[PDB]
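J.: model this:
(chains A and B)
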Amino acid sequence: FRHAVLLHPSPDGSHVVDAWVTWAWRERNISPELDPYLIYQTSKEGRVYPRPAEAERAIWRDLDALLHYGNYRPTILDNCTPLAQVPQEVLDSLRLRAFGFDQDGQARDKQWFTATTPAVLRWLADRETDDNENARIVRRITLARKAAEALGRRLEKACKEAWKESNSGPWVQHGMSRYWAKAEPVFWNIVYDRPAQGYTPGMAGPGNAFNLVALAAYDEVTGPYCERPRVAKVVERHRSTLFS
DNA sequence: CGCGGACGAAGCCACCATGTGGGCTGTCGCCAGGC
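T.: Numbering: from 1, shown residues only, chains lettered A, B, ... in the order given. For reference, the structure is listed below:
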């Protein structure tokens, strides 16, 4: 470990009284091979780093554990969860859990959250017990998740690009907060097939349901600043990208 | 000369979607006759 701890005991051993947190190494070493658990990302210059936790995705409880219904995927999951592996039925009832600690890479810290996948999503598939309405449920759910995330990144980059341009960002924080808060019930309406705006029950896919929520959150955030024509032109150039 | 305050030292990671509404008020013609 990069950190070295020593805990001074209480005489009974019931508690710790003092603690020493200090370095064990002066020279850092590259740890060989990427960590299976984390989700990685490559960025211009080609450097590979783990995707940071975001407390905005924790606003919608348990969104990361929906990772199973899926581009880039953690290797441990991609070895043990799929069908090349070896178990027979086990894979049907496995369910994913994630521990995320969103914080600064320095000493500031913001939020942590656990996230087990809901057992309702797979159990709603077995209530029926048919090959087709079930594969269609699973297809819908996987489809819903894909739409919500693609427009989550589209909306992050939208707000981020617009904020930088408008001043020649704080818009991203409220953008994502509003996004997942509004995008959470529309997802659960798409799964149950209940009627959600931007969606028609029984449609083959998400149906633009998600693209509408992103536009409403974005327009909710950039709303007071689309007044001046110069800034309004920038904001419009970047909301247009969320039109899909 | 001593004490207190301020500053510094890092580790730092990127082609096309939108519909709604309903709750607050007062008036004569006057006089006389009959029941």
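
J.: Kindly report the residues of chain A close to DNA strand B.
T.: A:28, A:41, A:43-45, A:49, A:52, A:105-107, A:198, A:208, A:212, A:243-244 (CB under 7 Å from any atom of the strand). C-betas here are computed from N, CA, C, even on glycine.

J.: Just the buried ones among those residues, please.
T.: A:198, A:208, A:212 (16 or more other CB atoms under 10 Å).

J.: Quick one: the strands in chain A, in order.
T.: A:3-9, A:16-23, A:40-43, A:47-50, A:97-103, A:109-116 (DSSP state E).

J.: Include distance to residue A:70 when you put those into a markdown table, please.
T.: Formatted as a markdown table, the strands of chain A follow (distance: least, CB to CB, whole Å):
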| stretch | distance to residue A:70 |
| --- | --- |
| strand A:3-9 | 33 |
| strand A:16-23 | 38 |
| strand A:40-43 | 15 |
| strand A:47-50 | 17 |
| strand A:97-103 | 13 |
| strand A:109-116 | 15 |
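
J.: re earlier: could you single out the nearest of the residues of chain A next to DNA strand B to residue A:21?
T.: Closest approach between the residues of chain A next to DNA strand B and residue A:21, by CB to CB: residue A:107, at 11.9 Å.

J.: show me what contacts the closest one?
T.: Contact partners of residue A:107, counting by CB atoms under 8 Å, 6 or more residues apart in numbering, are absent.

J.: circling back to that earlier point, now the two most distant members of the residues of chain A next to DNA strand B.
T.: A:28 and A:198 (48.7 Å).

J.: Looking only at residue counts, what's the top helix in chain A?
T.: Using DSSP state H, we find that the single longest helix of chain A is helix A:132-167.

J.: what packs against that one?
T.: helix A:119-128, helix A:170-192, helix A:209-221, helix A:229-239 (3 or more CB pairs under 8 Å, 6 or more residues apart in numbering; DSSP states H and E).

J.: Deepest-packed of those, please.
T.: helix A:209-221 (a mean of 22; mean count of other CB atoms under 10 Å).

J.: Can you show me the CA trace of that helix as CSV?
T.: Extracted in CSV, the C-alpha atoms of helix A:209-221 (Å, rounded to 0.1, in the frame of the first residue of the first chain):
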residue,chain,number,x,y,z
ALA,A,209,-38.3,9.2,-23.9
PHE,A,210,-34.8,9.9,-22.6
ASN,A,211,-34.0,12.6,-25.2
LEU,A,212,-36.9,14.6,-23.9
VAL,A,213,-35.8,14.5,-20.3
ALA,A,214,-32.3,15.6,-21.2
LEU,A,215,-33.7,18.6,-23.1
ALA,A,216,-35.9,19.6,-20.2
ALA,A,217,-33.0,19.4,-17.7
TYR,A,218,-30.7,21.3,-20.1
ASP,A,219,-33.3,24.0,-20.8
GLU,A,220,-34.0,24.1,-17.0
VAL,A,221,-30.3,24.9,-16.4
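
J.: sorry, back to before: closest one of the buried ones among the residues of chain A next to DNA strand B to residue A:87?
T.: residue A:208 (38.0 Å).

J.: so what's that closest one up against?
T.: Per CB under 8 Å, 6+ apart, neighbours of residue A:208: A:198-199, A:244.
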